[PDB]
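S.K.: This is the structure, below, for whatever I ask next.
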Ligand SMILES: [Zn+2]
Ligand SMILES: [Zn+2]
Ligand SMILES: [Zn+2]
């Protein structure tokens, strides 16, 4: 326990105070940026932002709806569906 940064209970072990602070978005006071779709947390706005785009029409795998996972033939069907069936998520 020297380079083993523990968040009392809810960190197994991090190697940097900032790494633990990335999780610590709940109790820290600063609050970094987590993907509100799943879990994936980062310091820079672009890194999670494009990872969220990965879920949108499912650029992460094949084709899905980020919001209700209806599953479509093409991303066009997803984006067309999301703009109509999700005005207020
Ligand atoms: Zn914690
Ligand atoms: Zn995500
Ligand atoms: Zn949907």
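No lab work stands behind these numbers, since they all come straight from the coordinates. Cβ: placed from backbone, ideal geometry, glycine included. Neighbour counts: every protein chain shown.
S.K.: What FRET efficiency do you get for residue 3 and residue 63 if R0 is 30 Å and r is their Cβ-Cβ distance, rounded to the nearest 0.05?
M.R.: Computed FRET efficiency for residue 3 and residue 63: 0.10.
S.K.: Roughly speaking, what is the stretch gain from residue 15 to residue 74, that is 0.36 nm per residue apart minus the C-alpha to C-alpha distance, in nm to one decimal?
M.R.: Result: 17.0 nm gained on full extension.
S.K.: Also: Can you pull the percent of Cα pairs in the chain with separation above 17 Å?
M.R.: Within the chain, distances greater than 17 Å cover 59 percent of Cα pairs.
S.K.: So, in nm, how far is label residue 53 from label residue 27 when the simple model puts each one 7 Å beyond its Cα toward the Cβ?
M.R.: Going from the residue 53 label point to the residue 27 one covers 3.6 nm.
S.K.: Same structure, new question: As I understand it, the value is the acute angle between the Cα axis of helix 75-85 and the longest principal axis of the Cα atoms of the chain; what does it come to in degrees, rounded to 10?
M.R.: 90
S.K.: Among 44-52, 1-9, how do they line up by average Cβ neighbours within 10 Å per residue, starting with the highest?
M.R.: Ranked by mean Cβ neighbours within 10 Å, highest first: 44-52, 1-9.
S.K.: What is the helix-to-structure angle for 45-56, meaning the angle in degrees between its Cα long axis and the longest Cα principal axis of the chain, kept from 0 to 90 and rounded to the nearest 10?
M.R.: Its long axis makes an angle of about 40 degrees.
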